[PDB]
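Inspection log for the structure reproduced underneath, given as structure tokens.
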Amino acid sequence: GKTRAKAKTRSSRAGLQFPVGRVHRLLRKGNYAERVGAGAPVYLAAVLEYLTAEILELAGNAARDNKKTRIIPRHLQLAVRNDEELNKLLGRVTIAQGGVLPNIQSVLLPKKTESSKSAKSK
Amino acid sequence: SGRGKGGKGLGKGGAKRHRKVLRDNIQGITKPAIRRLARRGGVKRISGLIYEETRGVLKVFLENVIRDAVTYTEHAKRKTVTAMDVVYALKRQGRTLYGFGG
Amino acid sequence: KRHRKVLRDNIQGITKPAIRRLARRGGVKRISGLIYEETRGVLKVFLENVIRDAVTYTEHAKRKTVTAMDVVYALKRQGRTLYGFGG
Amino acid sequence: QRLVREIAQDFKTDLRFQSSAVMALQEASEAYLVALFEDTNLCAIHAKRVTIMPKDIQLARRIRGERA
Amino acid sequence: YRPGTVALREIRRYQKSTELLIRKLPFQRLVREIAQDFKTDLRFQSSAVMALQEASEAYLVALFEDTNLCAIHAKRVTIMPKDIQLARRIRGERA
Amino acid sequence: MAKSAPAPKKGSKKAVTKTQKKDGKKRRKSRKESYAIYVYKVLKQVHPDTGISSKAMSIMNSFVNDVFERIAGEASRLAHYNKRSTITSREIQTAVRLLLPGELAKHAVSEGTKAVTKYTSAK
DNA sequence: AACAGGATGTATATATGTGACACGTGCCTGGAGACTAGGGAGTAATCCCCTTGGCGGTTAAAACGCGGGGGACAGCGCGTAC
DNA sequence: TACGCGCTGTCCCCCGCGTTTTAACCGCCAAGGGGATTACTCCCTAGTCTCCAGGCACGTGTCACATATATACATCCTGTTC
């Protein structure tokens, strides 16, 4: 292809870096529909591309706050939990080694003096 | 390097293999194991009856998950669950797992 | 002519006896006065999630009449699947 | 009927409705609240009371979900 | 070191730290015990046991989180057997 | 190198270990399709000096696979609500709203609509 | 009115391995090319049914303030339970 | 072994519920229309068998590294008592 898509792949044509073509095979593999157009696989990658970048971007900020360079499963949970919109998308799931965000309740921490309210004697 | 027949299981048993009845093992989840889980939630104190109930809750949860994974296991005819039957069992029960598989 | 009736809502159509009657369907003998205000918020939150999906189904079908099938499709995703009004 | 029409209109305008669809919207919402009241009652007895309060309502939802 | 307030210190550490709280092999022999009744001589891989353990740990943590809010609802702090009954049934699990 | 298209060897790989110099062969391993390369690519874009851990990729590889399954699965269900036999960008444009709420739908649709728009109007 | 005590959380330089990448070869499979070919969709007329309101005629569900019973909130307290 | 904290006992005090007004609001009866959702007919541009070709990208050897994970020095903040 002198002017056709030999040089430019399907993913690069739409500006994406995700496989796109592998997704197109997945629709046929999963038998989601009898016929699949060209718009479907590229669109699915586009949702993944922004979701892939945004979650890593939010997690990447946690690594700097955590005094670490490489992203660990702890930061993946932190990025998801911090964003309330991400909670609706996912959060009824289990993340391997994700950890739990601090959720201390106000019923604990007896800020008032541990001595009795009436007098010093317990 | 095949050196015998296993069939149902316990290949080349004789007197070289070892096995135990394993009557009760839910007691392995003791006070420190339950307390650590409670600390993640934010619990201050835990009652005595909760420790046995926590074991009971774990027993029911494991029983529900395994029966789903066992069904997929016989379909593939494998004698062991590797990574996916647990994931598929967790997916169907609303406990979908990310990582360790898929 | 943007100016139209926008003040409070039709959620007040959920009357005080109706909220009590809904509680009477469950096992109650006394409900606080803030439940009536709470039911308005809870009903709106549940309705917004369900109706938004139903609107998407109507838009996808290029229709404008909300059919019973569009309603059950919205419900079955998040539970409370309404048996009936389908097929 | 007026309530459901405005909720849909708040996000997308020019929407039609059917009586059967309206009944479906009402039945699902009513049963959702009806099941909540029985679920909320179990919180009241745990607090040694029979009243239903937003404290009971918020707790009843939170354990079941619908708030995250 | 007051026992009530020291538990708060554990909460900060355990929530911050990421690790497997329950023992591995006691859980590994536990899941094997259940499998024998369901299917005799049913083998497990290393990955399967860890996946079951992590899912079980997260499930128990979520229950502890919910039961903790049941205690403050009853104007209490500690978890009683009544707390686990309310949390499980309201989720649609017990009944 | 001439043509090896006529294939009496499809499984191929190593069967008897009849080798000349380097040995270097095993049984044909099943192709485990993973998004590891592509996840790391966008990670460099948002934050170049971060890196990644192996356990993080395992979680994220499952996340991408499951998210696609949910989007494609919901689109398939929507493809049965109406009698359309073909799924295009519109079928998923409506599918994003049901699962991705709030700003996630806006970001997904805007990126998706731009991607399909720039997918065409080229070449 | 405020200091002591022992361990946990800090900096700062200090060791290691496993996790990671880079070569160098090797070989299908996944994309790409380029027409012939039959079947789901764009696009025109047809046709009845669906929703919007006239348009009155009783009737069962709201809307609201007062009354007297009682149940949730809250105070302390001695002994049980973690 | 010890005190933090269930549980009992008790009535502030603040309401959920019962009993009456109160007639306006929900509601169904007998018919039309304008707009919109399926049958019926025509023609059209992607993917889809032909029927071949070459490049990416996945393993198997071969070398050779970089940050995570905890250690030696050195030194402060927090929590819980007297």
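Chain C residue numbers are taken from Swiss-Prot; in order, the displayed residues are 17-103.
Determined by electron microscopy, 3.6 Å, according to the entry header.
Using N, Cα and C of the backbone, Cβ positions are placed for all residues, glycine too.
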(message) Quick check on the annotations: Swiss-Prot lists DNA-binding region for one of C:17-21, C:52-56. Which range is it?
(response) C:17-21
(request) Would you kindly give the Cα-Cα distance separating C:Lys80 (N6-(2-hydroxyisobutyryl)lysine) and C:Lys17 (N6-(2-hydroxyisobutyryl)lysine), rounded to the nearest Å? (result) 23
(message) Run a quick check on C:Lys17, C:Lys21, C:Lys32, C:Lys45, C:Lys80, C:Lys92: which of these recorded positions have any Cβ-Cβ distance to chain D under 8 Å?
(response) C:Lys45, C:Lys80
(request) Run through the DNA-binding region (C:17-21) and tell me, per DSSP, how many residues are helix, strand and coil. (result) 0 helix, 0 strand, 5 coil
(request) State the three-class DSSP label for C:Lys80 (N6-(2-hydroxyisobutyryl)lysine), counting H, G and I as helix, E and B as strand, and everything else as coil. (result) coil
(request) List only the single closest residue to C:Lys45 (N6-propionyllysine), chosen from the recorded positions C:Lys21, C:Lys32, C:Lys60, C:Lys80, C:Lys92 by CA-CA distance. (result) C:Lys32
